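Colleague: Just dropping this structure here.
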Amino acid sequence: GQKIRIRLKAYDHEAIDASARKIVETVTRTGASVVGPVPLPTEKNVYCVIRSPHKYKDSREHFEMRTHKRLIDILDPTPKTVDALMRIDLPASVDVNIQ
Amino acid sequence: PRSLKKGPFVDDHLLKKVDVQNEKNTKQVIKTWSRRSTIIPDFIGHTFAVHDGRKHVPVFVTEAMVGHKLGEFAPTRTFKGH
Amino acid sequence: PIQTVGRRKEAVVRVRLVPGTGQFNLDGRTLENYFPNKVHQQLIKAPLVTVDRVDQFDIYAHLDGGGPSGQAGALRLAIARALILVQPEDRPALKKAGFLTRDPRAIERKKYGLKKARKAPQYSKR
Amino acid sequence: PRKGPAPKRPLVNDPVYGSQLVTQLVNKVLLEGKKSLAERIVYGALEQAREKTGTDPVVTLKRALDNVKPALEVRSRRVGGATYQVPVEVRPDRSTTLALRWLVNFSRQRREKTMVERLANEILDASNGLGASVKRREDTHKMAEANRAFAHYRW
Amino acid sequence: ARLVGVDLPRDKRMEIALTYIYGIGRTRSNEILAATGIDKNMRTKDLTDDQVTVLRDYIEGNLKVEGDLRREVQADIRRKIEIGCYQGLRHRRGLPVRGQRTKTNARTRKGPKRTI
Amino acid sequence: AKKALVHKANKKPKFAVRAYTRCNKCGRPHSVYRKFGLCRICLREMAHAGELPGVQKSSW
RNA sequence: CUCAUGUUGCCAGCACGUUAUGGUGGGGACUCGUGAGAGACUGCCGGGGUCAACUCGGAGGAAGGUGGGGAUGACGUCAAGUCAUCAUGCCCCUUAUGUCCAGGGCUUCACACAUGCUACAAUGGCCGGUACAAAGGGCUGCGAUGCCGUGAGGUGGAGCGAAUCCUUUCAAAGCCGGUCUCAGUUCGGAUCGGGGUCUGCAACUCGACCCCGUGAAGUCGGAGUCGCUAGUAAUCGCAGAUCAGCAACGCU
Ligand SMILES: [Mg+2]
Ligand SMILES: [Mg+2]
Ligand SMILES: [Mg+2]
Ligand SMILES: [Mg+2]
Ligand SMILES: [Mg+2]
Ligand SMILES: [Mg+2]
Ligand SMILES: [Mg+2]
Ligand SMILES: [Mg+2]
Ligand SMILES: [Mg+2]
Ligand SMILES: [Mg+2]
Ligand SMILES: [Mg+2]
Ligand SMILES: [Mg+2]
Ligand SMILES: [Mg+2]
Ligand SMILES: [Mg+2]
Ligand SMILES: [Mg+2]
Ligand SMILES: [Mg+2]
Ligand SMILES: [Mg+2]
Ligand SMILES: [Mg+2]
Ligand SMILES: [Mg+2]
Ligand SMILES: [Mg+2]
Ligand SMILES: [Mg+2]
Ligand SMILES: [Mg+2]
Ligand SMILES: [Mg+2]
Ligand SMILES: [Zn+2]
C-alpha cells in the first residue's frame, strides 16, 4: 500500500477549485482512487500599514494574504497516473508538490 | 561587562604600538584614535593621547585604573552649569 | 441513537440521552466534580426541572473549546434539544420558558485603532 | 435618553435565599469585576452578621433597608444667576438603590481593620439606628425640610 | 534581640530581623535561614542566645556587614571620583550613573524640587 | 535616498553586521517588511495598483 | 438549517491496547475544516391613520420592524501635512554643501507638559495542591527527550517549508489549604554596590537577562478635566509586525 500526497496550494478559491476539478477528472479517467479535495484550514496573514507618511497614523487598515491549501491523498499510484500528472499542464496560479 | 570567555579586547595596531614602545623602553605620548581599547597591566607607565572629537587629550595611566576603558576618563561633553 | 450539539461563544458540546438513571457524565466525571459551581449546576438542571422528568435520563458529554460558562450553557441547550427530539410534546412550554432558543451572541470583531472589542483610546481635546 | 425611556434589564433573583436584594448588593459591591470573590465575601459577611445578631439575616436586612430608605431628596438648580436647591419626591425603587449605594459607601470608609466583619457590623449599626447610613439619611431629610421653601419651582 | 550592634525588632519574624541588618536582605535572609534550618515564620519572642551566637559567627565568617560595607562603598566612591572616571564625574554632579532619562527622571537623586 | 549611499549599501560590507534592507527603489531604510522587500508606501501603492498577485483589502 | 463530505481531523455501534491518550483495525451517525442552497420581506392579524405613507401591540420564527459589527469619506473649507518616500519647475555647490573611512552625538538637564505600567494594601502580598480557549510564526529558523545550572542559560538535538514537530497537555484570573490583624507594612519597588549568561570583530558614553546587598517618595489626591449605554464598562492573559542583541509598559 503506497499513497502519494499531492499538495495543492494556491491563492484564489476559483483557481484552486479549478485545479482540483482538473485533477479529479484526470484521476477518474486514468482509473485511480482519490479521496478528493479534503478542505484544510486556510493560513491567514494580516499586515497593517499606515495611511500616509509624516504622521496621520490614527486611522489604519489591514491587508490579508489568502492562501488556500487542499489535501489529495491518491491511493494505488499507477505508473500511467503518475505520468499523466507529470504531463498535465496547469495554470501558473497553481503549484503542485509531489511527496 | 565583556564576557570572560571572550576575554579583554585590544586593537591590534595599538597593541603593536605599545609593544614596540615598552620593548624599546621609550615613553612618549601616543595619538590614540581608539575608544574601545581596554586597559592592560602593560599600560602601567604609558601615556596615551585619546581623541574626544576636538583634540587629542593626553592621559597618564597608572595601576589604579586597571579594569576600565580608555574613554571613561576622557569627558565627551562640556557642562559648565547654569 | 439520539444525538445533539450545542454551541455558544465557541463552546461545542456533545450529549447522548439514555432513559436510565439521572447520572451526569461530563468527560468521565460527575457534574459536581466538573465545574463545581452552584450557578452551573442550577442552569444545567433547569431544563429537566422545567420538564419535571428528573432522575430519568443519563447523559454523556464531550466538550471542546469555549469557557466554563460557555460549555455549561451549551450543554444546557444540548440536553434541552435532545429532550425535545425524544419528545416534541413539550414544545410549547419549553419554547415559552426559553430553553430551546439559542443565545446568538459571542465575541465580536474589534476595530483597528481600538484597544479591544469596543474600547476607545483616551480622547482629549488638549 | 432623548428618544424616550430605555428598556430595563430583567435582573435575576438570588437562588441561595430567594431575594434579588442579594444580587443587587453583590453587583453594587463588585470591585474589578470579580463575581465569585464578591459573592463569597457577601455570603461570609452575611453569615457573620447572622451569628452576631442571632436573628434572620433576610429579616434584619429588610429592617435595615426599611429604616434607611429615604423618601425625599434635593436637586440643584440655578436661576437668574443664582444657585438654588429644590426638593423632589423619589420613586421607592430609586430610593432603595441609593440606600444600597450609601450602605456600600459607608461600608468602605471605617477603620475596623477587617471589612468582612466590618460590613456585618455596619449592617447591625444601620438596623439599630446608630449607623452612618442613618446619620446621612437624617442629614438629607434635614436639608430637604430646610429647603422646603423653594419647592415652588417644581422641577 | 541584638546582633552586631543592631537592635532586632521587639516582635517580628527573623527573616526580617536579619534583613534589617545592613549587609543582609530578603532573599539573603531566606538563604541563611534555609542553611541554618530555622523556620522562617517564628516571632521575635522565640529566639535563643546560642542560635544568635552561631548565626553571628557564620555571617561574620562568610560575609561583611554594616560598617565594613559602608566604608568599602565609600572607598569605591573616592577612588572613582579621583581617577576621573565617568562614574566619578556623575558622582561629582550628583546623578545616577547608568544614564537614565535625567531630563525628567532622577528626581529621587536630585532630591526636592527647586523653582527658578 | 542618495544614489551613492544606495550603491555603497548594495556593495559587500567588510562586516556581516553592516547588512540592512534599504527598500529597493525608493531607498527608504525604515519601515520595510522583510518578506516583501518593500516599504510601507511602496506596498500601499503596488497593492492598490494590484501589481502583486494575492494582496487585497481586509474586511472580516 | 439542508445537501456533498472522512485525513494529519472526530467517534455513534463493534475488536486489539493494558497504562499514554482513537493509540491501533474500523465508521458520517453530529461538530470538526471549505463548496451549494434556504431563511426577514411589516411575512400575517387588531387599533390609529386623508385608505397613504408611517406607528403601537399580538402569533410563527434564530432573529421584527436598517439582527450585530465591518469594507464603503457627495461638492467644498482649513494656501492643513508631506521637495526627508518618489518624481517634478527655478536658484544655489562642482574642485564643493559630492564622495570612503577612524572616534563622538542624536540617550545631554537647575525645570515644565502629554500618553502608558507599578501601586498607594486584606476584594490583598506570599507558599502548596488544582480545571477551564482563540488564533497565528517557524530554513540558514522553531527547537523534543536527556544531563548541569536558583536562572539567565551551557551540551545535545527527534519532528518540521509545517490540522502532523515546537510555540509547554496554550495558560492567567478561578477553587481548596496555611501566615500576615493593618505597620510606611511579609504591600510597594526605583536609586546606588558586589558576582554571571546570552547576540555581536567591536557593551565606558550606550543594549537586554539572572543572583545578592541597598531600602527613598508615595495612605485615593486642589480647582480643572477625560472614556464608557451590552458581552457594554472594569480586571487578567496569549500570539505577531520591525529584529542576531534590545530602548517593547507602545502598535496590531
Ligand atoms: Mg493628541
Ligand atoms: Mg543593518
Ligand atoms: Mg525602510
Ligand atoms: Mg472515528
Ligand atoms: Mg467635501
Ligand atoms: Mg498651501
Ligand atoms: Mg502654506
Ligand atoms: Mg532639487
Ligand atoms: Mg524640482
Ligand atoms: Mg546646488
Ligand atoms: Mg557637497
Ligand atoms: Mg564614515
Ligand atoms: Mg533622537
Ligand atoms: Mg503593568
Ligand atoms: Mg543548568
Ligand atoms: Mg500548565
Ligand atoms: Mg524591591
Ligand atoms: Mg526594593
Ligand atoms: Mg513585582
Ligand atoms: Mg508617601
Ligand atoms: Mg500608607
Ligand atoms: Mg474639581
Ligand atoms: Mg529586534
Ligand atoms: Zn519603498
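Heads up, residue numbers simply count up from 1 along the chain you see.
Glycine is treated like the rest: Cβ placed from N, Cα and C.
Positions annotated as Zn(2+) binding site by Swiss-Prot: F:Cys23, F:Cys26, F:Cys39, F:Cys42.
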Colleague: Can you list the residues of the same chain, besides F:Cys23, F:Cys26, F:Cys39, F:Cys42, whose Cβ falls within 8 Å of the Zn(2+) site's Cβ centroid?
Modeller: F:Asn24, F:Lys25, F:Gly27, F:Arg28, F:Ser31, F:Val32, F:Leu38, F:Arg40, F:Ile41, F:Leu43
Colleague: Could you tell me which three-state DSSP class F:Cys26 (Zn(2+) binding site) falls into?
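Modeller: Reduced to three states, the DSSP call for F:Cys26 (Zn(2+) binding site) is coil.
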Colleague: Look at each of the binding-site residues, F:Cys23, F:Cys26, F:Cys39, F:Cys42, and point out the one with the fewest other Cβ atoms around it within 10 Å.
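Modeller: Result for the binding-site residues F:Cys23, F:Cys26, F:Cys39, F:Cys42: minimum number of other Cβ atoms within 10 Å at F:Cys26.
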